[PDB]
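Next come the chains, spelled out residue by residue.
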Amino acid sequence: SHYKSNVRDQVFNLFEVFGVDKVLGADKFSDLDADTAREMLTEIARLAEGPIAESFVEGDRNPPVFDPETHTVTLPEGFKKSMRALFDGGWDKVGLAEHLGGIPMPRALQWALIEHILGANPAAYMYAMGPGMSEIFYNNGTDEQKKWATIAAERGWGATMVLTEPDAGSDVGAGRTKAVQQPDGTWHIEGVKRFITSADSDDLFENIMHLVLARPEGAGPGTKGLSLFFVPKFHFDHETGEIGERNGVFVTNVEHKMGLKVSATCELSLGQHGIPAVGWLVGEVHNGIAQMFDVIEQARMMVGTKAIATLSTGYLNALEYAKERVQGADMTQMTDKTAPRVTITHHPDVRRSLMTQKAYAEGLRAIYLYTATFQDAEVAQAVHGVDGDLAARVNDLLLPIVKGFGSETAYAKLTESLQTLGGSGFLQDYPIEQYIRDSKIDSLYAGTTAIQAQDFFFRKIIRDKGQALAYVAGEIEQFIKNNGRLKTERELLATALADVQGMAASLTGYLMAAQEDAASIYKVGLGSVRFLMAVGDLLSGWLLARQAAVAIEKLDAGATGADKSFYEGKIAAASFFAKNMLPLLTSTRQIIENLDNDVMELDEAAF
Amino acid sequence: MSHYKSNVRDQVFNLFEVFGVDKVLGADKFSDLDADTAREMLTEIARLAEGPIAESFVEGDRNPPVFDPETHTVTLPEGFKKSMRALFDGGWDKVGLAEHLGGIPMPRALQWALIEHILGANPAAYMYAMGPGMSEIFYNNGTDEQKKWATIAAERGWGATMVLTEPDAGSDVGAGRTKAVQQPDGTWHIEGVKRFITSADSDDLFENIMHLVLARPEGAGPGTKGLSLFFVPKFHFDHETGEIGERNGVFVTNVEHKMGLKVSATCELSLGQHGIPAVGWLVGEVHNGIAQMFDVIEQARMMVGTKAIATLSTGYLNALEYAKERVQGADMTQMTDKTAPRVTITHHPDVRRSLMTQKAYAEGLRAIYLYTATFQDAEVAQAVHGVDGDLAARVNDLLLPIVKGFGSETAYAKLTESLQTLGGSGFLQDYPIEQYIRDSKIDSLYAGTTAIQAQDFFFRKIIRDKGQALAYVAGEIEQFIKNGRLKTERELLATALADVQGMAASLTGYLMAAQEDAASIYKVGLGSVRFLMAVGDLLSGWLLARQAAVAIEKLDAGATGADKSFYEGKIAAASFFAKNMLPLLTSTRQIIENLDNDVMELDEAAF
Ligand SMILES: CCCCCCCCCC(=O)SCCNC(=O)CCNC(=O)[C@H](O)C(C)(C)COP(=O)(O)OP(=O)(O)OC[C@H]1O[C@@H](n2cnc3c(N)ncnc32)[C@H](O)[C@@H]1OP(=O)(O)O
Ligand SMILES: CCCCCCCCCC(=O)SCCNC(=O)CCNC(=O)[C@H](O)C(C)(C)COP(=O)(O)OP(=O)(O)OC[C@H]1O[C@@H](n2cnc3c(N)ncnc32)[C@H](O)[C@@H]1OP(=O)(O)O
Ligand SMILES: Cc1cc2nc3c(=O)[nH]c(=O)nc-3n(C[C@H](O)[C@H](O)[C@H](O)COP(=O)(O)OP(=O)(O)OC[C@H]3O[C@@H](n4cnc5c(N)ncnc54)[C@H](O)[C@@H]3O)c2cc1C
Ligand SMILES: Cc1cc2nc3c(=O)[nH]c(=O)nc-3n(C[C@H](O)[C@H](O)[C@H](O)COP(=O)(O)OP(=O)(O)OC[C@H]3O[C@@H](n4cnc5c(N)ncnc54)[C@H](O)[C@@H]3O)c2cc1C
C-alpha cells in the first residue's frame, strides 16, 4: 500500500484552475460529463492503490528471469495479476480512439488517470501501452494496416518502440539495422537493437507489435534515411487475427538495472537466428523518423508524468511519516532538556523540506496537466482561446519541460522525501528508496536531459521563431499585471520572467555570434540545461500562483474544513516557491550571461 | 581493473604542494616518517584498495549478509571476508593508531588520505576495521585497569561498535531508555534494545567485539547529560591474558534490508533480553557518557564525510574514463551537417559542463577534508597554519559538520552527473555508479542527519564559540582575496565571502531576536542547512583558487607532460567553480534575509 494518490489536487487543476469541464458533454466529449470523469479518477486511484500497487515491491525484489534458449522472460506472478486488473478494468485503453474501443476524453483527463498507474507501478503502464501504440500505427498506416491495428487494439497486443543500438542512442541516425526489400513488398529486418522495453513480456499478451526503425538498403545516412516497420512477434491471419508461426525477432539479453527492474529491458535480435524478421513498411512510405516521433512524443510525456507521479507519492509518504514521528523538542524550547517531545513536523527544517516537496510535486502536476490542455484542439480552443496550430506548437514547446524538468526535479526532490524519514528512509521497508531507483532512469530514456534541452532551444524556440514561447510568456505577464494579497508573489514572478527573458536573449546572442565564430555555439550548449530548468521553475511558480489566486477566491467565498485546509496549502506553496526557489534564477541568468569557452578549450588530459 | 579509480596524485598535491604537511614529516612525533615513505604508503594502500578491497565491492551488494536466528549471528559473503583479511594482513586497521597500541605515528591529514582509498573501494570494509581505533578511544577514556583491556583489544584486533540509537531515540539521543543497573561487584547489567547498529555482528571476522553502549543508570537524570558509557564485550574475557571466555548477553536479533551499503550488517541489538545479563563496565568509572561518546561521534562524522567524498571521486573518474571512449553524435559546430564525423562525448558542451562540475566538487571536497585534518594535530596546525592548540581544536570542530553535512549532500547530488555521463548505461548494474549512489545516500543520515549537522555548525560551532573559529577561517579567505590570472576569481570569492557574512549576520539576528519574540528562532532553523551548504561552496571555491595559485607557480616554473596537464586542470576547475557555483550564494543570501514564519504558522493539515 505504498501508493498515496491525490485525486483532489487533480480535480482542482482540471476543473477549478484549467476549466477542462468546459468541454465535457459537448462535441467530441458529448457522452462524458463532469461527474463521470470524477468517478473514473476515483476508481482508477482506488485500483492503483490496491491491486496495482500490490506488486510494486514484488516486481523489484523478484525481478524477471530470462531463458536464453527460449528467448523469453518470466514475470513474477503478483505483477501479472496486477496487469490483469489493469486489463479487466479497461485501463490499457484510456484515451483510445472510439473506433478502437476507447472512451473519448480530453488528454488532460487521460494523463490524470494514467498518473495513478505510474505512481503505483509504472512498469505496469509501460507494458500496457500496446493499444495506444496500435492507434499510432492505425493513424500512420495504409487501409490494410488499419485493419491490423484494429485487431491489435481489440485483442490488446503489447508493443515496443525499437530504435536504440549499442552505437546509436542519442544519435538515432547512426543506427545500422538494415531492411531488405522482398519481391512481394514485405521487408526482412536484420540487426541487433538494445535497451528495448517490453521486448518480451512472458504470457501477458498473445502478440507483440514491434515498431522498428531500420535503414533500407541503399538509403541515405542519418535519421532521414530511416524507415519504420511493423514487426510482429508472431505472424498472424490478417483477416481474423488468429496467431500464426513465430516471426524472426528474438530477445537475446535482459539487462540488470538500478531500478524499474520489473520492466524487461532487452537486447532484441532481428533475423539473426535463421528465421527472417518480416517487417511491413508503415504507411507504405519511407518516413521513419517522423512516424516514430509520434511515438517518442507520447513516451516523453509519459516519462515526465511518471517522474511527477513518483515524487507526489514520495512526498505524501514522507508527510504521513513526519506527522507521526516524535523526535526532539520544539525549537523554542531547545535549551530545556526536559521540554515535551514533538512530532517532527514541528521542526523548521522538516517544514522547509515538506513544503519544498509539496510545491514542486504540485507545481509539476500543474505543468503536465497544463501541457495536456494543448494536446486537444477543442480543449485548447475552449480553455485558452488558441487555435489548433498554436496549440500544437505550445504542446511541442512544453514536452521537453515535462520530460526534462519533470525527470530531473522529481529525482532531486525525492532526496528530501527520503531525508524526512531519517535513517528509516534508507530501508527497503519504506518505498522511497525504490522511488529513487525507479526514477533515476527518467533523466535518461526517451532522450537524455541534454537532448531535451537541445530540442527545447533549437527546435521548439528558434525553429519555431519563438511563437509558442511568446504565447506562454504573454500569459505569465498577464497574470503579473492583473486583490493585493499576491503582490509580493507577482513581484517575484516579474523578476523571474525578466530573468528567463534575459537567459533567452543571451543564448540567442551566442547563437548569432556563431555566424562569425563557430565555437560560440558551445556557449548555447553550456547553458542549455540550466535554461530548460529555469523555464521549468518559472512555469512552476506561475502555475502555483494561479492556483493560489483560485484558492483565495474559494476561501473568501467561505470554504470550511478540509477544503479550507487544501486552499490554505495552495497559498502557502505558491508563496514559499516564489520566495525560496524563484530568486535563484537571477544568479543563473548572470551566470549564463558570463559563460565562456575556457572549459571547451581545456585539454581533455587536464580533466 | 576494478571499479575503484584512485587519485593519489591529487592527495599528494594537497598534502605537500598546498598545505605543506611534509614540513612536519621527520620531526618530533613524526621523526621516523619522511615524505618519501608517506607517499609510498599512499601508493601502496591505493593499490590494495584497487586490488583485493575493491574485488568484493559488487559481491557484498549482490550477495548481502544474512541473519541466522538459530545462532543470533550474521554471515558475510566469503569474498568480502577475503577483502577484510587483506586489510588486516597489511596492518591497515591500525592506521593512525597510537604507537603504544601498535600504530605508526603520522599526521591526521595523512591518515585520512590513506583511509579515503578504503572508503572509495569498499567503505564497509573500513567500518568493520574501526575496532583498534575504538580501543584507543576506550584507552584514553578508561581507568588504569581498563587501559590494560583496551591494549589487549587493539593487539588482538577485536571489532567494535558504537551503540546509541533506539527506535524512539535517533537524532534525540537523550531520549534513550536503555538502562544500567549496578551490581554488587561494581559491574553493571545493561537492559534495552538498540536499533541500526553497524557491525553489531560480523561473522567469524573477529574473536571478540567491543560494544561501546550508551545507557542510563538507574536513578540518573534525563536527557544526554544523564547517559553513561559502558564497555560491553560480545564475550567475557580474562582481563590479564585476553583469553576469550563465556558469551555475554548482547545479541543481534535482525539485519536491516537497506538501499545500499548492504555488506555493512546493520542490526537491532538486544542487551540482557535473551536469558543472560549483558555485563558492562563503566568507562573511566565516571558518569560522563555523551561527552565520552562524542569522541567516537567526531571520528564517525569525519569518516562519513570522507566516505562520501571518496565515492564521488571514483564516480567522477569512472564517468570521465567512459566519456573519453564513448562516440556519439557530431561536434556541435557541425550539428546541421548530418554526415559530419562522429566525436567522443567529451566534445559536447553539456558533457564538459557535467565533467567539470564533478571534477571541481570532487577535488574541492578533497581539499576541504584534508584542510580540516590539518587542524586535528596541534603540531601540524602549528607548523602549517601557525595556530595554537586551542584555536586549532575549535577550527577542526567548526569544519567537521562541513565535511560531514556538506560532503555527504554534495557527493550524492553530483554523482547524479557522473551517472548521467554514461547515458542509459549508467542505469545498469554493469557499471558501479548506481551502487555508488545507493551506498552514498546513507551519508546524509547516519552519524547525525544534515539538519543536525547544520544545527551543530551554527549553534555550537559558531554561536557558542563566539565566532572565533569562523572569524579565523574568514580571515584566511580574506587574505587570499587581498593578495592577474586570478583577479576574476578573487573578485568572485570576495562576493561569496560577503554573501556568507550576510547570511551569518541575518541568522544571528534571528537567534538574538528570539529573546523578545520566541518564534524568531524558527527562521534560524529554516535557513541553517542552506547556510551550511553556502559555507561549503565558499570553502570549495577558496581552496580551489588556492590550488590554482600553486598551479600557476608550477606552470611558470616549467612543468611539462602529465604534471602540466594536472596543473592546467586546477586552473580550469577553480575558474569554472568561481563563475558557475559561487554566484548562486548571492541569491541564497537574499532568500535568507527574507525568511518568514508563514510556513511555521500553516496548519499541519494544509500540507
Ligand atoms: C511501446 C512501449 C514504450 C514503453 C516505454 C519506454 C520509455 C522509454 C523508451 C525509449 O527510450 S525509446 C528511444 C528514445 N530515443 C530518443 O528519444 C532519441 C534521443 N535523441 C534525439 O532526440 C536527437 O535529438 C535526434 C532527434 C535523434 C537527433 O537526430 P537528427 O537527425 O539530428 O534530428 P533533426 O533535428 O535533424 O530532426 C530530424 C527529424 O526528426 C523529427 N524530429 C526531431 N525532433 C523532433 C521532435 N522534438 N518532435 C517531433 N519530431 C522531431 C523531425 O521529423 C525532424 O525532421 P524535420 O526537421 O522536421 O525536417
Ligand atoms: C565503531 C564502528 C562504527 C562506525 C561506523 C558507523 C558510522 C555511523 C554510525 C552512527 O550513526 S552512531 C549514532 C550517531 N548519532 C548522532 O550523531 C546523534 C545525532 N544527534 C545530535 O547530535 C543532537 O544534536 C544531540 C547532540 C544528541 C542533541 O542532544 P543535546 O543534549 O540537546 O545536546 P547539547 O547541544 O545540549 O550538548 C550535550 C553534550 O553533548 C556534547 N556534544 C554535543 N555536541 C557535540 C559536538 N559537536 N562535539 C562534541 N561534543 C558534543 C557536549 O558534551 C555537550 O555537553 P556541553 O554542552 O559541552 O556541556
Ligand atoms: C545504515 C545505518 C547505520 C546506522 N548505524 C548506527 C550505529 O552504528 N550506531 C548508532 O548509534 N546509530 C546508528 N544508526 C542510527 C542513525 O544515526 C540515525 O538513523 C540518525 O541519527 C537519524 O535518527 P532517526 O533514524 O531516528 O531519524 P529521526 O531523528 O527520527 O529524524 C527524522 C527526520 O527529522 C529530522 N529531525 C529530527 N530531529 C530534528 C531536530 N531537532 N531539528 C530538526 N530536524 C530534526 C531529521 O533531520 C530527519 O529529517 C544507523 C542508521 C543507519 C540508517
Ligand atoms: C531502462 C531503459 C529503457 C530503454 N528503453 C528503450 C526502448 O524501449 N526503446 C528504445 O529505442 N530505446 C530505449 N532505451 C535507450 C535510451 O533511450 C538511450 O539509453 C538514451 O537515448 C541515451 O542513449 P545512450 O544510452 O546510448 O547514451 P549516449 O547517447 O551514449 O549518451 C551519453 C552521454 O552523452 C550525452 N550526449 C550524447 N549526445 C549528445 C549531444 N549531441 N549533445 C550533448 N550531449 C550529448 C548524453 O546526454 C549523455 O550524458 C532505453 C534505455 C534504458 C536505460
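For this coordinate set, the PDB header names X-ray crystallography as the determination method and states a resolution of 1.9000 Å.

Peer 1: Quick question: what am I supposed to make of the overall build of chain A here?
Peer 2: Looking only at helices and strands, one finds 20 helices and 14 strands in chain A. A compact globule built from 607 residues should have a C-alpha radius of gyration of about 25 Å, and chain A, at 25 Å, falls within 12% of that. Judged by the C-alpha coordinates and their principal axes, chain A covers about 80 × 60 × 60 Å.

Peer 1: Would you mind showing me how to read the site of ligand 4 here?
Peer 2: Around ligand 4, a shell composed of 26 residues is seen, among which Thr164 and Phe195 of chain A together with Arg326, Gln420 and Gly424 of chain B lie nearest. Side-chain polar atom of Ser170 of chain A to an oxygen atom of ligand 4: 2.8 Å apart, as the coordinates give it. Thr448 of chain A is positioned with one of its side-chain polar atoms (N or O) 2.8 Å from an oxygen atom of ligand 4. Counting residues per element, the ones that place at least two in the shell around ligand 4 are β5 (187-197) and α14 (449-462) of chain A together with α12 (389-421) of chain B. In terms of residue count, the dominant contributor to the shell around ligand 4 is β5 of chain A (3 residues).

Peer 1: Where do I start with the site of ligand 3 in this structure?
Peer 2: Taken together, 26 residues form the shell around ligand 3, and within it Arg325 and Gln419 of chain A together with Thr165, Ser171 and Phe196 of chain B come nearest. Around ligand 3 the close residues trace back to chains A and B. In the model, an oxygen atom of ligand 3 is placed 2.8 Å from a nitrogen or oxygen of the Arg325 of chain A side chain. Contacts to ligand 3 include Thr449 of chain B, whose side-chain N or O atom sits 2.8 Å from an oxygen atom. About the coverage of ligand 3: the protein hides 92% of its 970 Å² of free accessible area. Where the shell around ligand 3 is concerned, the elements lending two or more residues are α12 (388-420) of chain A together with β5 (188-198) and α14 (450-463) of chain B. The element that contributes the greatest number of residues to the shell around ligand 3 is β5 of chain B, accounting for 3 residues. Of the residues in the shell around ligand 3, the class split is 12 nonpolar, 12 polar and 2 charged.

Peer 1: When you look at the packing of helix α1 (residues 7-17) of chain A against helix α10 (residues 348-372) of chain A in this model, what are you seeing that I'm missing?
Peer 2: Each pair of packed helices gets described by two things: the angle between the helix axes and the distance between those axes. Residue and element names in this part refer to chain A. The contact between α1 and α10 brings their axes to 10 Å, and the two run at 45°. By the angle between their axes, α1 is oblique relative to α10. For the crossing formed where α1 meets α10, the hand is right-handed. Across from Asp9, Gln10, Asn13 and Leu14 in α1, the residues of α10 making contact are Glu362, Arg365, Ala366, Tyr368 and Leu369.

Peer 1: Would you explain the domain arrangement of chain B in this entry?
Peer 2: Where interface size is given, it is often the accessible area lost as the parts come together that is meant. Residues and elements named next belong to chain B. We note that the domain assignment places domain 1 (8-134), domain 2 (141-287) and domain 3 (450-598) within chain B. With 7 residues of domain 1 at the contact, the number on the domain 3 side is 10 residues. With both sides pooled, the region where domain 1 packs onto domain 3 buries about 770 Å², and carbon together with sulfur makes up 57% of that total. Summed over the three residues of domain 1 that lose the most area to domain 3, namely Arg9, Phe13 and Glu17, the buried surface amounts to 62% of that side. Inspection of the region where domain 1 meets domain 3 yields 3 salt bridges.

Peer 1: What's the story with the nonpolar core in this structure? I'm lost.
Peer 2: Soluble globular proteins: nonpolar side chains tend toward being buried together. Among the nonpolar cores identified, the biggest contains 400 residues, and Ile189 and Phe531 of chain A together with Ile190 and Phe531 of chain B are the most heavily contacted of them. In terms of nonpolar packing, the next biggest core, distinct from the first, is built from 30 residues, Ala98, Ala150, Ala153 and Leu212 of chain B among them.

Peer 1: It is not clear to me how a positive patch on the surface should be interpreted in this structure. Could you clarify?
Peer 2: Taken together, the side chains of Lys337 of chain A together with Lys225, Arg460, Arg464 and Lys466 of chain B present a region of like positive charge at the surface. In this fold, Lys466 of chain B is placed in the loop between α14 and α15 (468-482). Looking at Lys466 of chain B, the relative accessible area reads 66%, which means it is exposed.

Peer 1: What should I look at first to understand the packing of aromatic side chains in this one?
Peer 2: Across all of its chains, the model carries 47 aromatic pairs over all chains by this definition. When the ring of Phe457 of chain B is compared with that of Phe531 of chain B, the centres are 5.7 Å apart and the planes differ by 45°; the resulting orientation is tilted. Exposure class is identical for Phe457 of chain B and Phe531 of chain B. Each is buried. Members of the aromatic cluster, each reached through a chain of ring pairs, are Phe137, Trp148, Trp157, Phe230, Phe236 and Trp280 of chain A. Taking the ring centre of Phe234 of chain A as reference, the NZ or CZ of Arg246 of chain A above it sits at 5.7 Å. Above the face of the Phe235 of chain B ring, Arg247 of chain B is positioned so that its terminal group lies 5.6 Å from the ring centre.

Peer 1: Can you help me understand the interface of chain B and chain A in this one?
Peer 2: The interface is formed by 99 residues belonging to chain B together with 97 residues belonging to chain A. Of the roughly 7,900 Å² buried between chain B and chain A on both sides combined, carbon and sulfur atoms contribute 61%. Per-residue buried area on chain B facing chain A is highest for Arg352, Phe427 and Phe607 of chain B; these three make up 12% of the total on that side. One salt bridge in this structure joins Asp171 of chain A and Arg342 of chain B, with 2.9 Å as the shortest N-O distance. Counting every contact that joins chain B to chain A gives 41 residue pairs in polar contact. For the side of chain B that touches chain A, the class distribution of residues is 41 nonpolar, 30 polar and 28 charged.

Peer 1: What is the right way to look at the environment of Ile571 of chain A in this model?
Peer 2: Residue and element names in this part refer to chain A. Examined against the element boundaries, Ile571 turns out to sit in helix α18 (residues 561-580). We classify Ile571 as partly exposed; its relative accessible area is 28%. When the C-alpha positions of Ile571 and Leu486 are compared, they lie 9.0 Å apart, and in sequence the two are 85 residues distant. If we ignore the near neighbours within four places in the chain, the residues touching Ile571 are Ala548, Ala551, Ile552 and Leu555.

Peer 1: Would you mind showing me how to read helix α11 (residues 377-384) of chain A here?
Peer 2: Side chains three or four residues apart in an α-helix point the same way, a direct result of the helix having 3.6 residues per turn. Residue and element names in this part refer to chain A. Along α11, the positions that sit buried rather than exposed are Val379, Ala380 and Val383. With its buried residues spanning 95° around the axis, α11 presents them on a single face. Structurally, α11 contributes buried residues whose contacts are with α12. Of the residues one or two after α11, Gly385 is the one with positive phi, at around 70°.

Thresholds applied
- Residues numbered from 1 in each chain as written, not as in the entry; some residues may be left out.
- Chains lettered and ligands numbered in written order.
- Heavy atoms only, no water.
- Residues with missing side-chain atoms left out of burial classes, pairs and counts.
- Helix = DSSP H or I, 4+ residues; strand = E, 2+ residues; numbered from the N terminus.
- Rg over C-alpha atoms; globule rule 2.2 N^0.38 Å.
- Near = heavy atom within 4 Å.
- Polar contact = N/O pair within 3.5 Å; in protein donor to acceptor, adjacent residues only side chain to side chain.
- Areas by Shrake-Rupley, 256 points an atom, 1.4 Å probe, with all protein chains shown as cover.
- Nonpolar A, V, L, I, M, F, W, Y, C, P; charged D, E, K, R; others polar.
- Axes fitted to C-alpha atoms, helices over the stretch in contact; angles between N-to-C directions.
- Parallel < 35°, antiparallel > 145°, perpendicular 65-115°, else oblique.
- Left-handed = near helix turned anticlockwise from the far one by under 90°.
- Contact = heavy atoms within 4.5 Å.
- Domains from an automatic or database assignment.
- Buried area = accessible area lost by both parts, 1.4 Å probe.
- Salt bridge = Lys/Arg side-chain N within 4 Å of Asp/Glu carboxyl O.
- Core = buried A, V, L, I, M, F, W, Y, C linked by side-chain atoms within 4.5 Å.
- Buried < 20%, exposed > 50% of the residue type's maximum accessible area, 1.4 Å probe, protein only.
- Patch = residues over 30% accessible without salt bridge, like charges linked within 9 Å, V, L, I, M, F, W, Y side chains within 5 Å.
- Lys, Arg positive; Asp, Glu negative; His and termini not counted.
- Charge placed at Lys NZ, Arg CZ, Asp CG, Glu CD.
- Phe/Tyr/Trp six-rings, centres within 6.5 Å; stacked < 30°, edge-to-face > 60°.
- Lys NZ or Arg CZ within 6 Å of the ring centre and 35° of its normal.
- Arc of directions from axis to C-beta.

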